[PDB]
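# Secondary and tertiary structure notes
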Amino acid sequence: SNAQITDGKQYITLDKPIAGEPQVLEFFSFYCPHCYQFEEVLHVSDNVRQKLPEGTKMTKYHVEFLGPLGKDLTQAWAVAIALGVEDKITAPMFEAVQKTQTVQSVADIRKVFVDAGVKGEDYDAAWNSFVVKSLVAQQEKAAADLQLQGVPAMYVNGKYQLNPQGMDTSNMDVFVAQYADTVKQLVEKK
């Protein structure tokens, strides 16, 4: 079908659409299994990019509501964001968190960062730096504000959410095909 969506079907409105705020933002945790498929298998971010309009910008916040290393995850991501390496440490990260499941302590995670090409100093510095403090505080303002409490999730026009629970997810290659369409469509639909 395509180029025709419905509020409640392929997208939802936010719980409290107000203010300026980031026009698009992206929320998940390394232990979610739905985000694994979207970020290693189905590769939704890349599929979306092939349709994105030139305002959107791809983001990735973290959240701590998932797994025991929840609070740890919050902190290491802020090393990543500060260098801009998130994409580079999503794949091998998810292979070590979900596929092989060898991440169990901080020392296991900070390996993959180095492996993928992060300094041994940047990690061991930034972990205790203000940069990271203020970074974690972004999501302790943007998860905390009662606006979203479960993931994976993806925002549009600072007033919409995607609804992967209301799509054609029989065949998967067709899921992503239509997912990326409603993402683009909302940017024109105010």
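Positions are assigned from 1 on a per-chain basis following the written sequence, which can diverge from the numbering of the entry; residues without coordinates are not listed. Only hydrogens and water are removed before side-chain values are computed, so all heavy atoms of the structure are retained for them.

- Structure determination for this PDB entry is given in the record as solution NMR.

### A few points about helix α7 (residues 130–142)
- The end-to-end C-alpha separation of α7 is 18 Å, in line with the 18 Å expected for 13 residues at 1.5 Å each.
- Those residues of α7 lying buried are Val132, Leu135, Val136 and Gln139. Each buried residue of α7 lies within a common arc of 95° when the element is viewed along its axis, so the set occupies one face. Seen from the open side of α7, the exposed residues pointing more than 90 degrees away from its buried face are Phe130, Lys133, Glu140 and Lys141.
- Note on contacts: a residue pair qualifies if any of its non-hydrogen atoms lie within 4.5 Å across the two residues. A helix here means a DSSP run of H or I that spans at least four residues, while a strand means a run of E at least two residues long, and both kinds are numbered starting from the N terminus. Where the residues of α7 are buried, they touch α3 (70–83) and α6 (120–126). A helix is expected to span 1.5 Å for every residue after the first. We call a residue buried when its accessible area falls under 20% of the maximum for its residue type, exposed when it is over 50%, and partly exposed in between, using a 1.4 Å probe and counting protein chains only. It is the directions from the helix axis to the C-beta atoms that the arc portrays.

### A closer look at the packing of aromatic side chains
- Each aromatic pair joins two rings of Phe, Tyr and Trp (for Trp, the six-membered one) with centres within 6.5 Å, and gets the label stacked for planes under 30 degrees apart, edge-to-face for over 60, and tilted for any other angle. The tally for this structure, following the rule as stated, stands at 10 aromatic pairs.
- With 4.7 Å between their ring centres and 80° between their planes, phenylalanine 30 and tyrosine 31 make a pair best called edge-to-face.
- According to the relative accessible area criterion, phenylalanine 30 is buried, its value standing at 6%.
- Overall, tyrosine 31 belongs to the partly exposed group, its relative accessible area being 24%.
- Ring centres 6.0 Å apart and planes at 75° place the aromatic pair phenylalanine 38 and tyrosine 179 in the edge-to-face group. With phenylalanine 38 in helix α1 (residues 33–41) and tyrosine 179 in helix α8 (residues 173–186), this residue pair connects regions lying 141 residues apart in the sequence.

### Structural notes on the packing of helix α4 (residues 91–99) against helix α5 (residues 106–116)
- At their nearest, the axes of α4 and α5 sit 9 Å apart, and the two run at 150° to each other. One way to sum up the angle between α4 and α5 is to call them roughly antiparallel. Note that α4 runs across α5; the crossing there is right-handed. Facing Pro92, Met93 and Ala96 of α4, the residues of α5 in contact are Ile109, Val112 and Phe113.
- Its residues assigned to classes, the contact of α4 with α5 shows six nonpolar, no polar and no charged. The convention used is that axes are lines fitted to C-alpha atoms, helices contributing only their stretch in contact, and that angles between N-to-C directions extend from 0 to 180 degrees. Geometric relationships in this document are graded by angle, where less than 35 degrees denotes roughly parallel, more than 145 denotes roughly antiparallel, 65 to 115 denotes roughly perpendicular, and other angles denote oblique. Crossings are sorted by hand: turned counterclockwise from the far helix by less than a right angle, the near helix makes the crossing left-handed, and turned clockwise it makes it right-handed. Throughout, the ten residues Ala, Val, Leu, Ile, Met, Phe, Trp, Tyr, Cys and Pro are labelled nonpolar, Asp, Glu, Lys and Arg are labelled charged, and all others, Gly among them, are labelled polar.

### Describing the state of the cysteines
- Disulfide assignment relies on a single distance test, namely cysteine sulfur atoms paired within 2.5 Å. Applying the stated criterion to the full structure yields one disulfide.
- Bridging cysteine 32 to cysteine 35, the disulfide has an S-S length of 2.0 Å. Taking the torsion about the S-S bond as the criterion, the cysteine 32 to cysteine 35 disulfide, at about 115°, is right-handed.
- Look at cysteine 32 and you get buried, because its relative accessible area is 3%.
- A relative accessible area of 1% places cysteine 35 in the buried class.

### Let's talk about the nonpolar core
- Membership of the largest hydrophobic core comes to 46 residues, with the highest contact counts inside it found for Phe30, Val44, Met93, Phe113, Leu162 and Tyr179.
- Aside from chain neighbours lying at most four places away, what touches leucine 162 is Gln10, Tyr11, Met154, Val156, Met167, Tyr179, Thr182, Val183 and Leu186. Take the buried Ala, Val, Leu, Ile, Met, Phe, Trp, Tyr and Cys residues and link them wherever side-chain atoms come within 4.5 Å; each set so joined is a nonpolar core.

### Quick notes on the side chain of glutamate 39
- Following the sequence through the fold, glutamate 39 ends up in helix α1.
- As used throughout, the charge tally considers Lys and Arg to be positive and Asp and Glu to be negative, leaving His and the chain termini uncounted. The salt bridge definition used is simple: a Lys or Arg side-chain nitrogen within 4 Å of an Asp or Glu carboxyl oxygen. One buried charged residue, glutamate 39, forms no salt bridge at all, with the nearest opposite charge on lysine 60 at 4.2 Å.

### Regarding the pattern of salt bridges
- For the structure shown, the criterion picks out two salt bridges.
- Note that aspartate 87 and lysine 60 form a salt bridge whose closest N and O atoms lie 2.8 Å from each other. Of the two residues, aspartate 87 sits in the loop between α3 and α4 while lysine 60 sits in the loop between α2 (44–49) and α3, which places them 27 residues apart along the sequence.
- By relative accessible area, which is 10% here, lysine 60 ends up buried.
- One salt bridge in this structure joins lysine 184 and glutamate 188, with 3.0 Å as the shortest N-O distance.

### A look at α5
- All of the buried residues along α5 are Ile109, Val112 and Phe113. Take α5 and look down its axis: the buried residues cluster within an arc of 100°, on one side only. Exposed and facing more than 90 degrees away from the buried side of α5 are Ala107 and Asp115.
- Next to the buried residues of α5 lie α3, α4 and α6.

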